[PDB]
Amino acid sequence: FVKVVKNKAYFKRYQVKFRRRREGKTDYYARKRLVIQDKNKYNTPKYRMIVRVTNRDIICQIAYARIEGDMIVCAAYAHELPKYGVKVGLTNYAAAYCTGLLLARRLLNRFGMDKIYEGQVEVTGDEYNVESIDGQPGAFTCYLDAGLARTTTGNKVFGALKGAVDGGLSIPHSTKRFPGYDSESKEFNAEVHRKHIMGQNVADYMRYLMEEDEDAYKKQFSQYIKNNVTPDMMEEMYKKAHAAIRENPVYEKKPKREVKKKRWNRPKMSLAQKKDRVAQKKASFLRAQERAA
Amino acid sequence: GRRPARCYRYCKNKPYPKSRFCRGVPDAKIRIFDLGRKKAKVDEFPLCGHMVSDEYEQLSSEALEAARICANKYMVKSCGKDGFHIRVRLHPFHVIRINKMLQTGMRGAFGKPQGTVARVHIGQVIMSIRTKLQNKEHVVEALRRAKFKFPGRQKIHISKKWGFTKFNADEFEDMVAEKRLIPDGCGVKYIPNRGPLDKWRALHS
Amino acid sequence: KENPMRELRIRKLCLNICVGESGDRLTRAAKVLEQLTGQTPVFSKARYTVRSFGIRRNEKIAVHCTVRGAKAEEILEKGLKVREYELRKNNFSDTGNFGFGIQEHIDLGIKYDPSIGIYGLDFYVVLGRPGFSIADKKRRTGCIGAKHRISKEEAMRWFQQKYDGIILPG
Amino acid sequence: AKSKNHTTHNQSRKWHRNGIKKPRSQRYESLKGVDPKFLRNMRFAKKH
Amino acid sequence: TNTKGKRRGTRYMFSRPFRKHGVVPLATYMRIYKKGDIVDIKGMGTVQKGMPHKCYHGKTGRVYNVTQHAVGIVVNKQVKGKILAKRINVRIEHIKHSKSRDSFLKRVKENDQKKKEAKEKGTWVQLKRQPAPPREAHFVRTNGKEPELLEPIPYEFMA
RNA sequence: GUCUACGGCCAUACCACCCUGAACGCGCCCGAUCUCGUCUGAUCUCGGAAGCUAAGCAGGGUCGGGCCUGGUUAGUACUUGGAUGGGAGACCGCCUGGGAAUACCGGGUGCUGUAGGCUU
RNA sequence: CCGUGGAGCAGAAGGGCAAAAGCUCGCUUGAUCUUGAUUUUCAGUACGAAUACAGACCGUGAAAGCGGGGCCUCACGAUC
RNA sequence: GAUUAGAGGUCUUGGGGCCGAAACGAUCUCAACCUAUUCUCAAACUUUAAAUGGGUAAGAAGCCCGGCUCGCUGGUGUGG
Ligand SMILES: [Mg+2]
Ligand SMILES: [Mg+2]
Ligand SMILES: [Mg+2]
Ligand SMILES: [Mg+2]
Ligand SMILES: [Mg+2]
Ligand SMILES: [Mg+2]
Ligand SMILES: [Mg+2]
Ligand SMILES: [Mg+2]
Ligand SMILES: [Mg+2]
Ligand SMILES: [Mg+2]
Ligand SMILES: [Mg+2]
Ligand SMILES: [Mg+2]
Ligand SMILES: [Mg+2]
Ligand SMILES: [Mg+2]
């Protein structure tokens, strides 16, 4: 025959990886270089920006590591955009930009630093970096945590990075992964980046659908038709969303509703139950076999 | 041809087995470690007798073989050709060395391999005989006359276990009747109350 | 009843030709393969050096390509038409995939060019199921469970029912 | 003319008959071997 | 004679524990060492940068300098008939806070607190840790059951 | 009661098979104009929302394997210090202290930090 | 499809290593200039080797960072 | 890494035969193989793992307050 690979010795000698590595969620090799502060800085926090693009949502958080577990100081979710105006299209590059800007403004507004470091109020999509103003508190600084995402040109993590940078946070970066960088010419097209930020790359797609096909367009953008969004008005609604975000970035928690205390999953049965079960299984097998014989 | 056995009786060196470091070791003379009707079940040879060492020493592989031959000869003479089962429970793994003299002297005096011996502790079994209940004095006499092929002092002990097993003979039969151990080959398998119920059903069906 | 989308679909079809020596034969085999598959195939270097087959270390000795979707079922239909929808019990693997070979290529709808010559090839199909991308995606990889995987019997049933073929014993 | 190669037979007695004294621990240990830029800071702070 | 290699005879000392190979847990990197902490040395073979010499393995020293990735510590080494307090630089992986000092610190806080308290009360309280005193007199009550005899068992051979 | 994002300790968390998942979510899933990358839109990247808990995932089950923690083995093995103890030796006994590990037999099968949801 | 490393990492051996220290690509020359401190043999002297820094010029990456030779343990030389 | 012995499975192959044109169709077998067991081992093996032993601490150079300096680190008279 053949050896059994998953042998008792195999399990005895097997060493499991970390839980996050087993679930595939964390790259500890990158985390070690990302979240570790220099020893002569002592307990100076090393803030970092976590951006995670989900199948239906964008998660943006600000976190610094602590022994019992890293603590989140500010967080912003893409599904909060309908409050500010973006009713649909919660995953695209524009939505990433708005959620990053919202996270930045929320941090500063919590943090008492709005009148300083306004950043790029007028979006340009070019290389911008904030400088600390003398006689005033220094600009907030953090580093991007791309996670397991492939950092190729035009990634929505970099879109969120640009959004927060225009918001006012000081994050080191280069205009190489923004949409618009042309590898061959090694140049940056701020206008192309701006149109990607404002969502024109979806507007021309919908107009392209208008050009030839209608049912395919409905299939591709069903909720767009239901929410009554047209290709031309997307730039205006994104501008309005940016204005509303910069106006009122504070977050209010939803009121808590009392629980009815209903258990939805099976509880763990006890030793007495699981022993009675095997006892009666043996009794039943014996009583069945004594007749079947 | 070989040096007297008194020159290698005490466990004076660390165990020096044959391995990738100790090469060129001549083959030990003893190759067969059990004989008789070894292809017998566990319920026909209940009586078990051990020869137990009383000294901490090292026994030569060849002396092991000589004692085995003597015991087998007496057993085939007494209890028939297949009324017993021998088992030598000592394998020679510690090789000994010799620094032969042909005149360098004691320079570079690390020996070449000469033979193999087995290190024996106090109260350790050397040979075991399993047979029927009635051949008790036959077993005792066979082991007694095999004692003369060994150095040091040895004792004969009629074990209270059943055959070559680790279970007491005075409830071995009760336990096998109750089906707590299942016979196989020349031994038994313990069946604890821990496996999946499928095995329990299989062996109670 | 049934789950509407636990059904069986082919997820990739692999074509290969192993010529055993680099050169004009190899590039012409690549040409016929790319004409058949509508895309550029790739060369595979020899893993080791064995002189019984007259090959050495790291030279291209085989040309292979993979297809998905529309072109995949068209090529598979051509191959099964050549093989008159006839397969054997041992042609199916334990994991649900299967395959076969064509001794020469111009029968399945390829014009005979005397310069390129003649070449056989191996067809292989990997039966899939919606959700098999979990086993190979990057972020949160995992197994595909026990119920969801494909067995030899399910592959046989799918082949005999969708393409009304016959599985002769052998 | 062989001879003994190495030993430490009397060494413990020789050490102990004068006693293995611990290093002279004392406050205000020297600042040599400290990070240069932190040292430069401490000098600036003391200066001002 | 022997070899003067820097890692001679460390195949077990610098090895990893059973079923504990792999990525170093980040809590070791996320600890704070200041000037003057008492700290333990335990060489870890997973990282080879800044590995302490084998003679300081298992020794306890005092931190005197903190740097980006490593720490300088003063530790005593017995050389022949004299002890030298020498300072070595160890990367942060091979280091660990000593718990022998925190017990004394907690004891200091606690007996200082109980000295501050009862100062107004005027009562007496013991602070010095006295050694284990001899057991005092007491009564052992039998509950009507007499103690059972103990006798040696007869010799009878097992092997 | 429970999930997601980031985690700490890294199997009491793993492995095999089976049963159940309300809502949100996570997913599977639908396409390749744009960004991006491949022999292949399979992976990666991007644009979505017709369908589904099938799978992942979560909870539970197995006289389950493993793992963790106890009892037994056992005051056994070994061992600090002592004797003008025994023995031809090999070794052993005692006094003064410390004191294991298999087999075998029990119990358990993730805790928890920050932020944000669902159970109106 | 299974596969905790049973392979590979130039060489002896040992330690270490799995989205890596292994394999394949892209770009480069931190194998560069410079003052000190420390460890290893030690007399606590040199050479050799090594470790943390600091000051410039750089490389790479989106970045955090990493890099002043080889994953570590050996591969080398006073005065005139 | 060495090492003895029997048990149960199959065609996974080989060896003696046998009915078979042949047929994993079939008969014994001997084997190699697999699964549970079993005897005996390691200075250059090890999951475990002592006794003896090697460091460190057992306060005034310590704790608790208030305030200054810093060109370092700094969301923050933050951290040090
Ligand atoms: Mg990375
Ligand atoms: Mg003579
Ligand atoms: Mg000797
Ligand atoms: Mg002499
Ligand atoms: Mg001398
Ligand atoms: Mg797709
Ligand atoms: Mg599911
Ligand atoms: Mg299900
Ligand atoms: Mg169990
Ligand atoms: Mg939680
Ligand atoms: Mg209700
Ligand atoms: Mg890498
Ligand atoms: Mg530098
Ligand atoms: Mg390298």
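You'll find the structure just up there.
Residues numbered from 1 in each chain as written, not as in the entry; some residues may be left out. Chains lettered and ligands numbered in written order. Part of a larger assembly, values for the part shown. Heavy atoms only, no water.

K.L.:
Even after reading the chapter, I still don't get the overall build of chain C, so can you show me in this structure?
P.N.:
On a plain count of helices and strands, chain C comes out with three helices and seven strands. Along chain C, helices and strands appear, N-terminal first, in the series β-α-β-β-α-β-β-β-α-β. Dimensions of chain C along its principal axes, counting C-alpha atoms only, are 55 × 40 × 30 Å. Counting the 170 residues in chain C, one finds 35% classified as buried. Nonlocal contacts in chain C, meaning residues at least 24 apart in sequence, comprise 62% of its contacts between residues at least 6 apart. Side-chain charges in chain C split into 32 positive and 20 negative, and the spacing between the mean points of these groups amounts to 9 Å. (Helix = DSSP H or I, 4+ residues; strand = E, 2+ residues; numbered from the N terminus. Buried < 20%, exposed > 50% of the residue type's maximum accessible area, 1.4 Å probe, protein only. Contact = heavy atoms within 4.5 Å. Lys, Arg positive; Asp, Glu negative; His and termini not counted. Charge placed at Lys NZ, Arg CZ, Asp CG, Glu CD.)

K.L.:
Would you mind showing me how to read the protein's contact with RNA strand F here?
P.N.:
Taken together, 115 residues form the shell around RNA strand F, and within it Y28, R31, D70 and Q220 of chain A together with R139 of chain C come nearest. When the atoms of RNA strand F within 4 Å of the protein are sorted by group, sugar and phosphate make up 69%. Here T26 of chain A contributes a side-chain N or O atom positioned 3.0 Å from a phosphate oxygen of RNA strand F. Take the surface near RNA strand F: its biggest share by element is seven residues, from helix α12 (residues 271-292) of chain A. (Near = heavy atom within 4 Å. Polar contact = N/O pair within 3.5 Å; in protein donor to acceptor, adjacent residues only side chain to side chain.)

K.L.:
What exactly am I supposed to notice about the interface of chain A and chain E here?
P.N.:
Often, the extent of an interface is quoted as the loss of accessible area on bringing the components together. Between chain A and chain E, the residue contacts involve 18 residues of the former and 17 residues of the latter. Across the interface of chain A and chain E, roughly 1700 Å² is buried in total on both sides, 65% from carbon and sulfur atoms. Inspection of the chain A/chain E interface yields zero salt bridges. Our count for the contact surface shared by chain A and chain E stands at five residue pairs in polar contact. For the side of chain A that touches chain E, the secondary-structure elements that each account for two or more residues are α1 (8-13) and α3 (28-35) of chain A. Of all the elements, α3 of chain A adds the most residues to the side of chain A that touches chain E, at four residues. Residues of the side of chain A that touches chain E, tallied by class, amount to eight nonpolar, three polar and seven charged. (Buried area = accessible area lost by both parts, 1.4 Å probe. Salt bridge = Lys/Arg side-chain N within 4 Å of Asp/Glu carboxyl O. Nonpolar A, V, L, I, M, F, W, Y, C, P; charged D, E, K, R; others polar.)

K.L.:
I tried to follow the environment of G69 of chain C on my own but got confused; where do I start?
P.N.:
As for its position among the elements, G69 of chain C is in the loop between β3 (60-67) and α2 (70-82). Between the C-alpha atoms of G69 of chain C and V125 of chain C, which are 56 residues apart in sequence, the distance is 12 Å.

K.L.:
For this particular structure, what's the right way to read helix α1 (residues 61-78) of chain B?
P.N.:
At 3.6 residues per turn, the α-helix brings residues three or four places apart onto the same side. Residue and element names in this part refer to chain B. In this model α1 runs 26 Å from its N-terminal to its C-terminal C-alpha over 18 residues, within 8% of the 26 Å that 1.5 Å per residue would give. Turning to α1, its buried residues number three or more, namely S61, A63, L64, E65, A67, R68, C70, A71, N72, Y74 and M75. Against the buried residues of α1 lie β2 (57-60), β3 (84-88), β5 (112-120), β6 (125-131) and α2 (136-146). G80 sits one or two positions beyond α1 and adopts a positive phi of about 80°. (Expected span 1.5 Å × (residues − 1).)

K.L.:
I'm lost on empty space enclosed by the protein in this one. Help?
P.N.:
Any empty space left between the atoms is revealed when a probe the size of a water molecule rolls over them. All names here are of chain C. In this structure, the largest cavity encloses a volume near 40 Å³. Around the largest cavity, the lining residues are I17, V32, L33, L36, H105, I110, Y119, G120 and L121. It is helix α1 (residues 24-37) that contributes the most residues to the lining of the largest cavity, three residues altogether. Of the residues contributing to the lining of the largest cavity, the split by class is seven nonpolar, two polar and no charged. When its volume is computed, the second largest cavity comes out at roughly 30 Å³. (1 Å grid on protein atoms, 1.4 Å probe; cavity = no way out; pocket = protein on both sides within 12 Å on 5 of 7 lines; lining within 4 Å. Points joined across faces, edges and corners; volume = space filled by probe spheres on them.)

K.L.:
Explain the protein's contact with RNA strand H here, please?
P.N.:
Lining the immediate surroundings of RNA strand H are 62 residues, of which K3 and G138 of chain A, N41 of chain D together with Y12 and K109 of chain E lie closest. Counting only atoms of RNA strand H within 4 Å of the protein, the sugar-phosphate share comes to 67%. A distance of 2.6 Å is found between a sugar or linking oxygen of RNA strand H and a side-chain nitrogen or oxygen belonging to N41 of chain D. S100 of chain E places a polar side-chain atom, nitrogen or oxygen, 3.4 Å from a base oxygen of RNA strand H. Considering each element in turn, the surface near RNA strand H owes the most residues, eight residues, to helix α1 (residues 100-116) of chain E. When the residues that make up the surface near RNA strand H are grouped by side-chain class, the tally is 24 nonpolar, 15 polar and 23 charged.

K.L.:
Before we go on, may I ask you to explain a positive patch on the surface in this structure?
P.N.:
A cluster of like positive charges, contributed by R13, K14 and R17 of chain D together with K80 and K82 of chain E, occupies part of the molecular surface. Tracing the backbone shows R13 of chain D in helix α1 (residues 11-16). (Patch = residues over 30% accessible without salt bridge, like charges linked within 9 Å, V, L, I, M, F, W, Y side chains within 5 Å. Areas by Shrake-Rupley, 256 points an atom, 1.4 Å probe, with all protein chains shown as cover.)

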